[PDB]
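Below you'll find only one chain, the form deposited in one PDB entry, shown as structure tokens.
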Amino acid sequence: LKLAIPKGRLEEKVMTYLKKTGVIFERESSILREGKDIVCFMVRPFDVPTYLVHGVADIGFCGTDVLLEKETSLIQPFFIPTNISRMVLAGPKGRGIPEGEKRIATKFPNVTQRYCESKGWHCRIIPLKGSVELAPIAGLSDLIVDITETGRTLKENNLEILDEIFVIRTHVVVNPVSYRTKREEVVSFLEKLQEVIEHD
């Protein structure tokens, strides 16, 4: 089986679960870990689905944010329970929500467009790659749609949460092709993983 593991924050958590399912690696690097019957590609979280989409990985792990931003159609067996963070709408304290068309800066433009549609809002979406809290300070946007964990970044920049869009957790996702061709092998790894997750 080939797995796409999100490098960064959750690497070690997921790697320990794999180990608890009983996996052994023969060689490891910053981007690849192989052993008997298991290969882990250590990729950026947003690339997890692209490694599955393209059929190079059978199973992957990645957050709710990745999946909602990039419409996948991946098999979603279950997820890891820990509430790691939240996708929120935020804006300058007391400014409330601007009348008319809202200028919103975000690293998640699809998520924001669907959010704006759901509220019935006219929005002008300004995609950024990082440090999204600077947009309101600089006059680039009125609001932001971004991830918050402790709320420090928002609080420290005089931004307040105006709406909670969704909680972010690490989902287990399966390539639909591998689910059909390697059915029994996938279900077997997945059962062991779900046991470790429950127990943990």
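In this text, rigid core is short for the largest set of C-alphas that superpose within 1.5 Å between two forms. Numbers for residues come from their place in the sequence shown, where the first is 1.
* Hey, which bit's got the bigger mean C-alpha B factor in the entry, 25-33 or 167-175? -> Comparing averages over the C-alpha atoms only gives 25-33.
**Prompt:** Averaging C-alpha B-factors over each stretch, which comes out higher, 138-146 or 42-50?
**Reply:** So the stretch with the higher mean C-alpha B-factor is 42-50.
Of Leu74, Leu128, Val88, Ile104, which one's C-alpha B factor is largest in the deposited record?
If I rank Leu74, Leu128, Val88, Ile104 by C-alpha B-factor, first place goes to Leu74.
*asked:* Using only modelled residues of the chain, where does the Cα B factor of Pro109 rank: lowest third, middle third or highest third?
replied: Bottom third by C-alpha B-factor.
Form solved in complex with a partner chain: not shown, discussed below.
query: Do all of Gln76, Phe79 and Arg124 end up near its partner chain in the deposited bound form, with near meaning a heavy atom within 4.5 Å?
result: Every residue of the spot touches its partner chain in the deposited bound form.
- Message: in the deposited bound form, is there a heavy atom of its partner chain that lies within 4.5 Å of any heavy atom of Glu12, even though the partner is absent here?
- Response: Residue-level check for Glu12: no, no contact with its partner chain.
Its partner chain contact at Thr16 in the deposited bound form, heavy atom, 4.5 Å:
No.
Requested in this report: Verify the contact flag for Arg169: yes if a non-hydrogen atom of it lies within 4.5 Å of a non-hydrogen atom of its partner chain in the deposited bound form, no if not.
Outcome: Output for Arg169 is yes: heavy atoms within 4.5 Å of its partner chain.
If you check in the deposited bound form, is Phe25 within 4.5 Å of its partner chain, heavy atoms only? No - in the deposited bound form, heavy atoms of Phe25 and its partner chain never come within 4.5 Å of each other.
- Query: Superposing on the rigid core, do we see a C-alpha displacement of 2 Å or more at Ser118 between this form and the one not shown?
  - Reply: Yes, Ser118 moves 2 Å or more.
Rigid-core frame, C-alpha of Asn83, shift of 2 angstroms or more between this form and the one not shown:
Yes, the C-alpha moves 2 Å or more.
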